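Notes for the one structure printed next.
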Ligand SMILES: [Cl-]
Ligand SMILES: [Cl-]
Ligand code: NA
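Residue numbers (mature numbering (1 follows the signal peptide of the UniProt record, and there is no 0)): 1 to 130.
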């Protein structure tokens, strides 16, 4: 499913992402936008290290979910990577919460550093009623 901006904004708020571990809703929106374009079925194979990024938040199979084919990987979210490709983002959200529970926080995603950090991100939630 390809989420519409405000539709996604409201969904994340309901799932309790606003201010989770100090991260504003607008930052989560910026992350989803640059990682997948709000697309839940987005998958990206990294031929460089044999891992794959899954779903709306492009969560990596090396540490977070299990896809069985990534070498020396763990499954911190305790989920099959397939769970991260559903239209319902409840699981992807539970896993993203797990990711940011680590010391790096939102910085775990290099894309956030490149396109969201130190920028005016208000635009992602304007007019959405959140
Ligand atoms: Cl699962
Ligand atoms: Cl599994
Ligand atoms: Na894994």
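Positions of the beta carbon are idealized from the N, C-alpha and C atoms, including for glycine.
Tell me the DSSP secondary structure of residue 145 in three-state form. In the structure displayed, the chain extends from 1 to 130; residue 145 sits before or after that span and is not available.
Could you tell me the distance, in whole angstroms, from the CA atom of residue 88 to the CA atom of residue 123? On the chain shown, residue 88 is found 88 positions in, with the first residue counted as 1. On the chain shown, residue 123 is found 123 positions in, with the first residue counted as 1. Taking the straight line joining both Cα atoms gives about 24 Å.
Quick one: what does DSSP say residue 61 is sitting in, helix, strand or coil? In the chain shown, residue 61 corresponds to position 61, counting from 1. Three-state result, residue 61: coil.
Give a single yes or no on whether residue 79 has its beta carbon closer than 8 Å to a heavy atom of ligand 1. As a working mapping, residue 79 is identified with position 79 in the chain shown. Yes, Cβ of residue 79 sits closer than 8 Å to a heavy atom of ligand 1.
Please return the same chain residues whose Cβ sits closer than 8 Å to the Cβ of residue 15, not counting the five positions on each side in sequence. As a working note, residue 15 is residue 15 in the chain shown. Here the set comprises 89, 90, 93.
How is the beta strand (DSSP E) around residue 43 delimited, first residue to last? Within the chain shown, the letter at position 43 stands for residue 43. 43-46 is the span of the beta strand (DSSP E), which, as asked, contains residue 43.
Straight-line Cα distance separating residue 5 from residue 126: Here residue 126 corresponds to residue number 126 of the chain shown, with the count starting at 1. Here residue 5 corresponds to residue number 5 of the chain shown, with the count starting at 1. Rounded to the nearest angstrom, the two C-alpha atoms are 10 Å apart.
In angstroms, rounded to a whole number, what distance separates the CA positions of residue 49 and residue 60? By 1-based counting over the chain shown, the position of residue 49 is 49. By 1-based counting over the chain shown, the position of residue 60 is 60. Cα-Cα distance, rounded: 11 Å.
For residue 153, which of helix, strand or coil comes out of DSSP? The structure shown does not extend to residue 153, since the chain is modelled only from 1 to 130, so the question has no answer here.
Check whether residue 12 and residue 28 have beta carbons under 9 Å apart: Here residue 12 refers to the residue found at position 12 of the chain shown. Here residue 28 refers to the residue found at position 28 of the chain shown. Contact: yes.
Quick one, which of 2, 1, 25, 64 has its alpha-carbon nearest residue 130's? By 1-based counting over the chain shown, the position of residue 130 is 130. Nearest of 2, 1, 25, 64 to residue 130, Cα basis: 25.
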